[PDB]
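# Coordinates in review
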Amino acid sequence: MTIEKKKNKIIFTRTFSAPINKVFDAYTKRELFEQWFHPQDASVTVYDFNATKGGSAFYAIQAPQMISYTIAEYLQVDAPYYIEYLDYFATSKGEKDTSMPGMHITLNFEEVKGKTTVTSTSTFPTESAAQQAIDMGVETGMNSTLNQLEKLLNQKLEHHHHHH
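## Some words on the pattern of salt bridges
A full pass over the atoms with the stated rule returns seven salt bridges. The partner of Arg-14 in a salt bridge is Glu-150, and the shortest N-O contact between them spans 3.0 Å. Residue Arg-14 is found in the loop between β2 (9-12) and β3 (15-16), and its partner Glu-150 is found in helix α4 (residues 138-154); the two are separated by 136 residues along the sequence. Judged by relative accessible area, which is 15%, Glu-150 ranks as buried. Among the ionic pairs, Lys-53 bridges to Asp-78, the shortest N-O distance being 3.0 Å.

## Side note on α4
Between its terminal C-alpha atoms α4 stretches 24 Å, which fits the 24 Å expected from 17 residues at 1.5 Å a residue. Burial in α4 covers these residues: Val-138, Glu-139, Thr-145, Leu-146, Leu-149, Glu-150, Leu-152 and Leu-153. The inward-facing, buried residues of α4 contact β1 (4-5), β2, β3, α1 (20-28), α2 (30-33) and α3 (129-136). Just downstream of α4, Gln-155 is the residue with a positive phi angle, here 70°.

## Here we look at the packing of aromatic side chains
The geometry of an aromatic ring pair comes down to the distance between the two centres and the angle between the two planes. By the definition in use, this model includes 13 aromatic pairs. With a centroid separation of 5.7 Å and an interplanar angle of 85°, the aromatic rings of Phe-37 and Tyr-59 are classed as edge-to-face. Placement of the pair is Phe-37 in the loop between α2 and β4 (43-48) and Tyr-59 in strand β5 (residues 55-63), with a sequence separation of 22 residues. The exposure class assigned to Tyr-59 is buried, which follows from its relative accessible area of 2%. Relative to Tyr-74, the ring of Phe-49 has its centre 5.8 Å away and its plane inclined at 40°; by these criteria the two rings are tilted. You can see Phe-49 sitting in the loop between β4 and β5 and its partner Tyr-74 sitting in strand β6 (residues 66-74), a full 25 residues away along the chain. Side by side, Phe-49 and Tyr-74 carry an identical accessibility label, which is buried. Taken together, the ring pairs in this structure connect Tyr-27, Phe-33, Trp-36, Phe-37, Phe-49, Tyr-59, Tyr-74 and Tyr-85 into an aromatic cluster.

The rules behind the values
- Residues numbered from 1 in each chain as written, not as in the entry; some residues may be left out.
- Heavy atoms only, no water.
- Salt bridge = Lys/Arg side-chain N within 4 Å of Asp/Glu carboxyl O.
- Helix = DSSP H or I, 4+ residues; strand = E, 2+ residues; numbered from the N terminus.
- Buried < 20%, exposed > 50% of the residue type's maximum accessible area, 1.4 Å probe, protein only.
- Expected span 1.5 Å × (residues − 1).
- Contact = heavy atoms within 4.5 Å.
- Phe/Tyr/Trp six-rings, centres within 6.5 Å; stacked < 30°, edge-to-face > 60°.

Structure follows, in structure tokens:
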């Protein structure tokens, strides 16, 4: 994508065909969050969810042979236009893995005319963590999860056949 790149920070942007309220509730409500936020051939179970200023959400990525855990600490969630959270790789004891720092995302409204566009300022740990995602090509992978989001919000939307 034409999105903006820094040292250990990736600025992502994506246009959703959907009203601002349900686009916000995607990141702020579990009943929507576990219907889009998952990798390919894998599910997601949200045990508990709270997206507010000083909130948190405990969820788990259910993969074909693995169940991995992650808690997002919502630092500031204010209006249908601004979200902020911290992505912690979590453990079987709930809390976190502890051997890593907290990942930082702030998702901010910019291009709102008819269709919504909430641009995520994402600061990764340091050194080459964010850069490695660029060499991996994470930009289309994020858009693929957000493809499932636009599909969720329109509900009867379906166009994704067996990719070949």
